[PDB]
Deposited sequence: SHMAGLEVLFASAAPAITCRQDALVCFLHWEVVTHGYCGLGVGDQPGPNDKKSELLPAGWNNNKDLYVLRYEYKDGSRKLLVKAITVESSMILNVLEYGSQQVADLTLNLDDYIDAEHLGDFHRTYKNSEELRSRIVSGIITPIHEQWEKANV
């Protein structure tokens, strides 16, 4: 049991996946999404193109140092997700925009992404299952 779709998302974003970070944030998007959420858009205030969507928002990958993404839960529970690049790592930091609850998590790109396999979804992810737990158990659960 892990939900289907990461391969698709990664295909659907494929032109956009250029750096390790991009793949990291792509994996993150699908875990947010498969656990109740719908993406809303880029940035931290709603721009003019806020489609409720499962896809990555347009310009989700413009800034390789900082990723800013807004989500909104199937039923309720809105979200502001920041993936901050630091050296060989990312800091995930996530706000429930309406309980100012806050989650954190740091991830070593050296241990999870392969820059030498970016062009191949099947070898991009070095530790799908650990990466999946850490993210679930560290960012999603603290609803």
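Stretches of the deposited sequence lacking C-alpha coordinates, numbered from 1: 77, 145 to 153.
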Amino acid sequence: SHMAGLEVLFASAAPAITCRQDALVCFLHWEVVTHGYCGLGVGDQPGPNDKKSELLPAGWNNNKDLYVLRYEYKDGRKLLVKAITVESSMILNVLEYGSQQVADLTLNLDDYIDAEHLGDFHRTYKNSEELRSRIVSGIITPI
From here on, numbers count along this sequence of modelled residues.
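Set 124 to 132 against 5 to 13 and average the Cα temperature factors; 124 to 132 ends up higher. In this entry, 110 to 118 shows the higher mean Cα temperature factor of the pair 110 to 118 and 22 to 30.
Per the PDB record, residue ranking by Cα B-factor puts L66 in the lowest third of the chain. In this PDB entry, the Cα temperature factor of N93 sits in the middle third of its chain's modelled residues.
Annotation for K82: CA B-factor lies in the lowest third of the chain's modelled residues.
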